[PDB]
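Residue 458 in the entry's author numbering sits at position 455 of the sequence shown; the count goes up by one each step and never skips.
Ideal Cβ positions, reconstructed from N, Cα and C, are used throughout, including at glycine.
Note sheet for the following structure.
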Amino acid sequence: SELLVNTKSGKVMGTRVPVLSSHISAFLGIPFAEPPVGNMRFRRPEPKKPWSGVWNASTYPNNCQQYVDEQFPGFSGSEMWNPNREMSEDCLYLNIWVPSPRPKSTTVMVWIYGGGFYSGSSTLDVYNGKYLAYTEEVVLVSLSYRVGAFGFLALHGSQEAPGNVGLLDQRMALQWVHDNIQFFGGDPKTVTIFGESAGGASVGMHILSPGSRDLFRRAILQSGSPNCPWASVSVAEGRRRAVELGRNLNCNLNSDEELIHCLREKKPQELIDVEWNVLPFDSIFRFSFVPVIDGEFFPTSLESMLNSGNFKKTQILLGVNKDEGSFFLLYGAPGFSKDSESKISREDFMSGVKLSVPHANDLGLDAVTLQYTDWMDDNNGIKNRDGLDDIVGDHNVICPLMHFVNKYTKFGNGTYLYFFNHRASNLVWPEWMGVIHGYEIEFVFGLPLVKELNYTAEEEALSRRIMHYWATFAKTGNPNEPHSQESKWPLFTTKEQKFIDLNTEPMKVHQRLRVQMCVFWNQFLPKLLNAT
Ligand SMILES: *[C@@H]1O[C@H](CO)[C@@H](O)[C@H](O)[C@H]1NC(C)=O
Ligand SMILES: *[C@H]1O[C@H](CO)[C@@H](O)[C@H](O)[C@H]1NC(C)=O
């Protein structure tokens with residue numbers, strides 16, 4: 004049977020799924036790790052023990068325990084990101100969409116979800132792998148990994164909660180794909196990992212980590228890079244936040260054993276309930292439990308690793324969206340609301356700058372403010388709003404990614420950069436948010452090919468070009484068709500630094516994606532806060 008696959012861990016049984024008038028196979032909820040429950044909470048993941056019998060892989064698995072967005076109850080714009088399944092610490096599963104008939108050795112694409120390392124599910128509608136598997140005949144895999152404290156609590160030194168275990172969860176899924184994707188017709192020598200936001204930083208992290216690089220071929224990073232200011236912390240900060248977590252649960256804090264034993268007695272929701280209380284500053288775009296620079300997964304600091312070329316050299320494709328910061332401002336910055344144009348006052352702008360560059364002294368704040376204020380129209384509320392939107396996206400997504408692409412390109416074997424700036428015709432979020440963080444995902448996963456979702460025709464063509472670029476690049480290391488007549492996405496080089504826009508219009512090539520602002524964020528400001 005086409006829905007029966009025998010792997011190294013046991014026999015698995017799929018289900019047939021209709022997709023665009025046709026059908027493909029889907030193996031939902033295949034387990035790749037022992038449930039990290041009980042005393043295994045915070046611990047490294049363990050390999051799933053092989054099983055006898057047939058594993059029912061016809062329905063989605065549980066989503067990992069996470070914080071749930073209740074900012075707009077019933078709003079699809081935000082609920083579409085929430086877990087659409089029962090949450091459970093027993094969540095280490097992966098999903099596979101396989102063309103029908105089953106290929107023999109085809110290109111593999113592994114998806115790593117975003118969610119700031121505190122949230123995210125592999126079972127979300129926008130992550131449905133069937134359209135991409137089908138349209139590009141690639142074997143699509145979506146893994147899962149523990150988030151929040153469960154996946155990132157870090158008490159360096161202890162082996163009970165070493166930190167980075169969520170990253171390890173992902174590595175174990177990539178190990179399992181390496182080991183078994185062949186039986187599903189996947190070519191293990193050609194797996195491309197790709198993700199968005201935290202999933203993007205994750206991708207860059209496996210490129211960086213020595214223990215992870217031999218497990219994939221190529222990489223795609225959407226709106227995220229490993230060196231992101233919000234994606235990692237020192238062991239001291241990790242430790243400092245774990246203890247704080249404990250102090251919120253009235254835990255004995257005399258020793259790591261004491262702490263950890265207590266955290267393990269608490270029900271998931273108690274940890275999730277005080278999770279946000281541990282951030283060191285009042286901040287926007289910062290999350291409690293994230294990867295830690297521990298000396299193991301990350302041998303040394305990310306910067307020294309990038310500087311030395313201490314990383315997997317291969318091809319990479321990555322880019323960002325035009326208005327990456329609007330979400331974070333809508334959620335916590337004063338003056339922004341879902342149903343108003345969110346025109347910001349000078350004072351709210353300033354409240355905003357403070358909230359966006361948390362780790363900044365007065366001198367630093369004045370510099371960001373000077374860099375983004377039109378002193379000839381400083382009370383223009385739309386300018387203040389958009390300025391603040393740029394500050395958040397440049398500081399948190401674009402400049403770190405630009406810094407990563409520039410360091411990477413020096414030793415890599417091929418870079419392709421995009422700037423995605425088409426705003427979806429059916430976006431339920433307000434106009435002022437622009438081309439929102441996370442809204443290139445639906446084009447990557449091909450939702451515009453399904454009529455009832457109401458995209459325009461030019462949108463479906465974009466989705467197809469994007470899907471074909473992603474899959475062609477995964478297949479070859481180049482997004483362009485060997486001899487197509489379509490315009491060529493040029494390669495990004497240290498010298499030219501070319502990139503392309505990604506929208507419904509005829510492809511345009513440009514250079515130095517936000518240099519002016521990224522020289523400020525990657526060179527000037529850091530140099531200024533270090534002297535002050
Ligand atoms: C990639 O590597 C191959 C062989 O190692 C080399 O011949 C080719 O020029 C490289 N391409 C880039 C963009 O570095
Ligand atoms: C397993 O998949 C779902 C689980 O709820 C169930 O509806 C289905 O009948 C089961 N199939 C088999 C073969 O066990």
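Practice task
Compare the C-alpha of residue 248 against each of 122, 153, 6, 20 and name the closest.
Solution key: Along the sequence shown, one-based indexing puts residue 248 at 245. Minimum Cα distance to residue 248 is reached at 153.
Problem - Burial state of residue 496 (16 or more Cβ within 10 Å) - result: Stepping through the sequence shown from its first residue, residue 496 is reached at position 493. Residue 496 should be labelled exposed.
Handout entry: residue 91 CB to nearest heavy atom of ligand 2 below 7 Å
Key = For the purposes of this step, residue 91 is taken as the residue at position 88 of the sequence shown. False, no ligand heavy atom lies under 7 Å from that Cβ.
Problem - Residues bridged to residue 514 [DSSP beta-bridge criterion] - result: As a position in the sequence shown, residue 514 is number 511, starting the count at 1. For residue 514, which the question treats as bridged, DSSP gives the partners 501.
Problem - Contained beta strand (DSSP E) runs [length at least 3] in the stretch 392–450, N- to C-terminal order - result: 418–423
Problem - Beta-carbon spacing of residue 234, residue 295 below 8 Å - result: Taking the first residue of the sequence shown as position 1, residue 234 is located at position 231. Taking the first residue of the sequence shown as position 1, residue 295 is located at position 292. Their beta carbons are not under 8 Å apart, which means residue 234 does not touch residue 295 by this criterion.
Handout entry: Straight-line Cα distance separating residue 200 from residue 64
Key = On the sequence shown, residue 64 is found 61 positions in, with the first residue counted as 1. On the sequence shown, residue 200 is found 197 positions in, with the first residue counted as 1. About 23 Å.
Handout entry: Residues near residue 383 in its chain [Cβ-Cβ closer than 8 Å; skip 5 each side]
Key = The residue given as residue 383 occupies position 380 in the sequence shown. Excluding positions up to five away in sequence, the list reads 377.
Practice task
For residue 68, count neighbouring C-beta atoms within 10 Å of its own C-beta (all shown protein chains included) and say buried if the count is 16 or more, exposed if not.
Solution key: As a working mapping, residue 68 is identified with position 65 in the sequence shown. So residue 68 ends up on the buried side.
Practice task
Output the distance between the C-alpha atoms of residue 2 and residue 380, rounded to the nearest integer angstrom.
Solution key: Outside the shown range of the chain (4 to 535) lies residue 2, about which nothing can therefore be said.
Practice task
Return the chain-ordered ranges of every alpha helix (DSSP H) run that is complete within the stretch 148–217 and spans a minimum of 4 residues.
Solution key: 151–155, 168–183, 201–211
Exercise for the section: Would you check if the distance between the CB atom of residue 95 and the CB atom of residue 21 is smaller than 8 Å? Expected result: Here residue 95 refers to the residue found at position 92 when the sequence shown is read from its first residue. Here residue 21 refers to the residue found at position 18 when the sequence shown is read from its first residue. No. Outside cutoff.
Exercise for the section: Identify every run of the alpha helix (DSSP H) within the stretch 215–289, keeping only runs that are complete inside it and at least 4 residues long; order them along the chain. Expected result: 238–251, 259–268, 271–277
Practice task
Can you tell me which of the three DSSP states residue 470 falls into?
Solution key: What you label residue 470 is simply residue 467 of the sequence shown in a count that begins at 1. Here residue 470 sits in helix by DSSP.
Exercise for the section: Can you give me the Cβ contacts of residue 339 inside the same chain, cut-off strictly under 7 Å, excluding the 5 residues immediately before and after it? Expected result: As a position in the sequence shown, residue 339 is number 336, starting the count at 1. Once the five neighbours on either side are set aside, the close Cβ partners of residue 339 are 332, 333, 345.
Problem - Residue nearest to residue 283 in terms of C-alpha spacing, selected from 363, 212, 349 - result: The residue given as residue 283 occupies position 280 in the sequence shown. Out of 363, 212, 349, 363 has the C-alpha closest to the C-alpha of residue 283.
Handout entry: Alpha carbon of residue 83 to alpha carbon of residue 172, nearest angstrom
Key = Start at 1 with the first residue of the sequence shown, and residue 83 comes out as number 80. Start at 1 with the first residue of the sequence shown, and residue 172 comes out as number 169. Whole-angstrom Cα-Cα distance: 24 Å.
Exercise for the section: Under the assumption that residue 87 contacts residue 124 (Cβ atoms under 8 Å), give the Cβ distance between them as a whole number of angstroms. Expected result: Looking up residue 87 in the sequence shown gives position 84. Looking up residue 124 in the sequence shown gives position 121. Contact between residue 87 and residue 124 holds, with the beta-carbon distance rounding to 7 Å and staying under 8 Å.
Exercise for the section: Apply the 10 Å Cβ neighbour rule to residue 18 and answer buried if 16 or more other Cβ atoms are within range, or exposed otherwise. Expected result: In the sequence shown, the residue the question calls residue 18 occupies position 15. So residue 18 counts as exposed.
Problem - Start-to-end residues for the beta strand (DSSP E) that takes in residue 57 - result: Mapped onto the sequence shown, residue 57 falls at position 54. Taken as a continuous stretch (DSSP letters only), the beta strand (DSSP E) holding residue 57 covers 57–59.
Handout entry: Beta-carbon contacts of residue 148 that lie in its chain and below 7 Å, excluding the five residues immediately before and after
Key = Here residue 148 is taken as the residue at index 145 of the sequence shown, counted from 1. Contacts found: 154, 169, 172, 173.
Practice task
Check each residue's C-beta against every heavy atom of ligand 4 and list, in chain order, those closer than 7 Å.
Solution key: The model depicted lacks ligand 4 and carries ligand 1 and ligand 2 instead.
Problem - Start-to-end residues for the alpha helix (DSSP H) that takes in residue 338 - result: Numbered from 1 along the sequence shown, position 335 holds the residue referred to as residue 338. Per DSSP, residue 338 belongs to no alpha helix (DSSP H) and is neither H nor E.
Handout entry: Other residues of its chain near residue 60: CB distance less than 7 Å, five sequence neighbours each side excluded
Key = As a working mapping, residue 60 is identified with position 57 in the sequence shown. Correct list, in chain order: 15, 16, 17, 30, 31, 32, 33.
Exercise for the section: State the Cα-Cα distance for the pair residue 79 and residue 313, rounded to the nearest angstrom. Expected result: For the purposes of this step, residue 79 is taken as residue 76 along the sequence shown, with counting starting at 1. For the purposes of this step, residue 313 is taken as residue 310 along the sequence shown, with counting starting at 1. Cα to Cα, residue 79 sits roughly 42 Å from residue 313.
Practice task
Count the other CB atoms, across all protein chains shown, that sit within 10 Å of the CB of residue 351; report buried if there are 16 or more and exposed otherwise.
Solution key: Indexing the sequence shown from 1 puts residue 351 at position 348. Buried, since its Cβ has 16 or more Cβ neighbours within 10 Å.
Problem - Between the CA atoms of residue 76 and residue 268 - distance to the nearest angstrom - result: On the sequence shown, position 265 is the one that residue 268 refers to. On the sequence shown, position 73 is the one that residue 76 refers to. Each residue's Cα considered, the two are about 31 Å apart.
Practice task
Look at residue 336 and residue 355 and say whether their C-beta atoms are less than 8 Å apart.
Solution key: On the sequence shown, residue 336 is found 333 positions in, with the first residue counted as 1. On the sequence shown, residue 355 is found 352 positions in, with the first residue counted as 1. Yes. Within cutoff.
Practice task
Report the rounded CA-to-CA distance for residue 426 versus residue 396, giving the unit in angstroms.
Solution key: Counted from its first residue, the sequence shown places residue 426 at position 423. Counted from its first residue, the sequence shown places residue 396 at position 393. So the two alpha carbons sit approximately 16 Å from each other.
Exercise for the section: Look up residue 529 in the DSSP assignment and say whether it is helix, strand or coil. Expected result: In the sequence shown, counting from the first residue as 1, residue 529 sits at position 526. Correct three-state label for residue 529: helix.
Handout entry: Entirely enclosed beta strand (DSSP E) segments - the stretch 45–109, minimum 3 residues
Key = 57–59, 96–101
Exercise for the section: Taking only heavy atoms of ligand 1 into account, decide whether any of them is closer than 7 Å to the Cβ of residue 416. Expected result: Within the sequence shown, numbered from 1, the residue matching residue 416 stands at position 413. True, at least one ligand heavy atom lies under 7 Å from that Cβ.
Practice task
Name the residue from 121, 37, 320 whose alpha carbon lies nearest to the alpha carbon of residue 408.
Solution key: In the sequence shown, the residue the question calls residue 408 occupies position 405. The shortest C-alpha to C-alpha distance from residue 408 to any of 121, 37, 320 is the one to 320.
Practice task
Measure the alpha-carbon distance for residue 272 versus residue 119 and round it to whole angstroms.
Solution key: Within the sequence shown, numbered from 1, the residue matching residue 272 stands at position 269. Within the sequence shown, numbered from 1, the residue matching residue 119 stands at position 116. Those two C-alpha atoms are separated by around 18 Å.
Handout entry: Range of the contiguous alpha helix (DSSP H) that encloses residue 371
Key = Within the sequence shown, numbered from 1, the residue matching residue 371 stands at position 368. Here the alpha helix (DSSP H) through residue 371 covers 365–375.
Exercise for the section: Report yes if the C-beta of residue 494 is less than 7 Å from at least one heavy atom of ligand 1; otherwise report no. Expected result: Along the sequence shown, read from residue 1 onward, the residue named residue 494 stands at position 491. Yes; taking the cut-off as 7 Å, the Cβ of residue 494 has a heavy atom of ligand 1 nearer than that.
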